[PDB]
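Engineer: Experimental structure below, sequence on top.
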Amino acid sequence: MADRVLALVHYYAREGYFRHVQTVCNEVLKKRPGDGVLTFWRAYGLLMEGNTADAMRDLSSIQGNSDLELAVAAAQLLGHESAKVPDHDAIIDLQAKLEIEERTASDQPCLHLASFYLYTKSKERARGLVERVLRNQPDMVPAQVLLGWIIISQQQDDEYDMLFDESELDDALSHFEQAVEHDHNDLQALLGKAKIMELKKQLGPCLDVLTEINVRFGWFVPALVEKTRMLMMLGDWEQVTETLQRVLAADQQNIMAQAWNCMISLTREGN
C-alpha cells in the first residue's frame, strides 16, 4: 500500500514542506538498504528545494534500470526544459521519447516516475502514468482514488469553492466508492467521501464517518490538516483550531496550520 510515501508529499508539495518527505523517504530507504528508486525518492525530495537537475546528480550516476532510465530521461527532460542554453529542440525530443517510452513499457518505471513527477513537470502526469499502469486493470485503488481525491481537493479548497458545484463531486464519489470497495484500508477515499457528505449538508453521517475513519490514521499529517475547511461547515472554527494543533503535535512544520488558525482567529473575537 504505497500511500505511506506517495500521499505524504502529495498534499504538501504545493505547500513545499520537506520534513514529512524526509521521514517517508528515509522510511522507504530503510525498507530496502540501497536502491536507485529510493535514491530517486531522495532526489525528488531535494528537487522541491528549487533545483530540478539534482536528479542528474542522484540517479543518472546510478541509473541503468528501466525504472531508473525512464526516470533519468524524464528528469533530464526537465533539466533541458530548465536549461540555460537554447535547447528547445532537445526539450521536444525528450518529450517525444518520454511519451513513447512511458507507453508500451513496464508499469514499474511509469509508477516510479509518477511518484517522482508527482508535483513537478505537469503533475497530472502522475495520474496519467498511474492510469496507463492500470489500463490493463482499471479497477485498482491508486489511480482512481488519486483522480477522485484531486477532483475533490480542488472542490474543498479556494480554487472551485467560490461557486461550489456537484458534478466532479459525484465523479469523486464514484472514484472513492470504487477505491474503498477495492480495499477498506484505503485512506483518501473515505476522507474525500467524508468531505463530500460534509459539503452536501448531511453533517450527522458526515461526522459519523469522520469518527469512523480518522481513528485509522493519526500520523498521516496531510489528511489531518485537511480537516480545516471541511469541518467549518458545522458553524464554528474551534474544531479547526484543535485539528491544526493535532497537526502541530504530529509535527511542528505545517505552515497551513499556522496560516489557517490565524485566518480563523480573526473572524469572531478578532483574536
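Structural biologist: Sure thing, it's come through. Residues are numbered from 1 along each chain as shown.
Engineer: What are the buried residues along stretch 261-271?
Structural biologist: 261, 264 (16 or more other CB atoms under 10 Å). Yep, even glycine has a C-beta here, placed from its N, CA and C like the rest.
Engineer: How about residues contacting it?
Structural biologist: Stretch 261-271 is contacted by residues 232, 237, 240-241, 244-245 when judged by CB atoms under 8 Å, 6 or more residues apart in numbering.
Engineer: okay if I get the residues you listed as CSV plus distance to residue 223 and neighbour count?
Structural biologist: CSV is the format used below for the contacts of stretch 261-271 (distance: CB to CB, whole Å; neighbours: other CB atoms under 10 Å):
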residue, distance to residue 223, neighbour count
232, 16, 16
237, 19, 20
240, 15, 22
241, 18, 16
244, 13, 24
245, 16, 12
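Engineer: Of the residues you listed, which belong to strands?
Structural biologist: Under the assignment DSSP state E, the contacts of stretch 261-271 contribute nothing to strands.
Engineer: between those, which is closest to residue 113?
Structural biologist: residue 244 (33.6 Å; CB to CB).
Engineer: got a list of what the closest one touches?
Structural biologist: Applying CB under 8 Å, 6+ apart, the residues contacting residue 244 are 225, 228, 254, 256-258, 260-261.
Engineer: For residue 145, see how far away it is.
Structural biologist: 25 Å (CB to CB, to the nearest Å).
Engineer: for stretch 159-172, how far is the first residue from the last?
Structural biologist: Start-to-end span of stretch 159-172 (CA to CA, to the nearest Å) is 16 Å.
Engineer: Show me what it is in contact with.
Structural biologist: Residues contacting stretch 159-172 (CB under 8 Å, 6+ apart): 148-149, 151-152, 154-155, 192, 196, 199-200, 229.
Engineer: Including secondary structure and neighbour count, could these go into TSV?
Structural biologist: Formatted as TSV, the contacts of stretch 159-172 follow (DSSP: H, G, I helix; E, B strand; the rest coil; neighbours: other CB atoms under 10 Å):
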residue	secondary structure	neighbour count
148	helix	26
149	helix	25
151	helix	19
152	helix	27
154	helix	14
155	helix	22
192	helix	30
196	helix	23
199	helix	18
200	coil	14
229	coil	18
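Engineer: With respect to residue 57, which of the residues you listed is nearest?
Structural biologist: Using CB to CB, these come closest to residue 57 at residue 149, 32.3 Å.
Engineer: okay, the contacts of stretch 159-172 in JSON lines with distance to residue 46 next?
Structural biologist: Shown next, in JSON lines, are the contacts of stretch 159-172 (distance: CB to CB, whole Å):
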{"residue": "148", "distance to residue 46": "30"}
{"residue": "149", "distance to residue 46": "26"}
{"residue": "151", "distance to residue 46": "30"}
{"residue": "152", "distance to residue 46": "30"}
{"residue": "154", "distance to residue 46": "28"}
{"residue": "155", "distance to residue 46": "32"}
{"residue": "192", "distance to residue 46": "30"}
{"residue": "196", "distance to residue 46": "36"}
{"residue": "199", "distance to residue 46": "37"}
{"residue": "200", "distance to residue 46": "41"}
{"residue": "229", "distance to residue 46": "31"}
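Engineer: tell me what the one helix or strand residue 153 maps to is packed against?
Structural biologist: For residue 153, the host element (DSSP states H and E) is helix 141-156. Packed against helix 141-156, as judged by 3 or more CB pairs under 8 Å, 6 or more residues apart in numbering; DSSP states H and E, are the following elements: helix 124-133, helix 167-182, helix 188-199.
Engineer: Reformat those helices as a markdown table; add distance to residue 3.
Structural biologist: Below are these laid out as a markdown table (distance: least, CB to CB, whole Å):
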| stretch | distance to residue 3 |
| --- | --- |
| helix 124-133 | 12 |
| helix 167-182 | 11 |
| helix 188-199 | 7 |
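Engineer: can you dump the C-alpha coordinates of stretch 229-241 into CSV?
Structural biologist: Only the C-alpha atoms of stretch 229-241 are listed here, as CSV (Å, rounded to 0.1, in the frame of the first residue of the first chain):
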residue,chain,number,x,y,z
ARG,A,229,-12.2,23.8,5.8
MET,A,230,-14.2,20.5,5.7
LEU,A,231,-15.0,20.9,9.4
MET,A,232,-16.1,24.6,9.0
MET,A,233,-19.5,23.7,7.5
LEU,A,234,-20.6,22.9,11.1
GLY,A,235,-20.8,26.5,12.2
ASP,A,236,-17.5,27.0,14.2
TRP,A,237,-13.8,27.1,13.8
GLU,A,238,-12.6,25.9,17.3
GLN,A,239,-12.6,22.3,15.9
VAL,A,240,-10.4,23.8,13.2
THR,A,241,-8.0,25.1,15.9
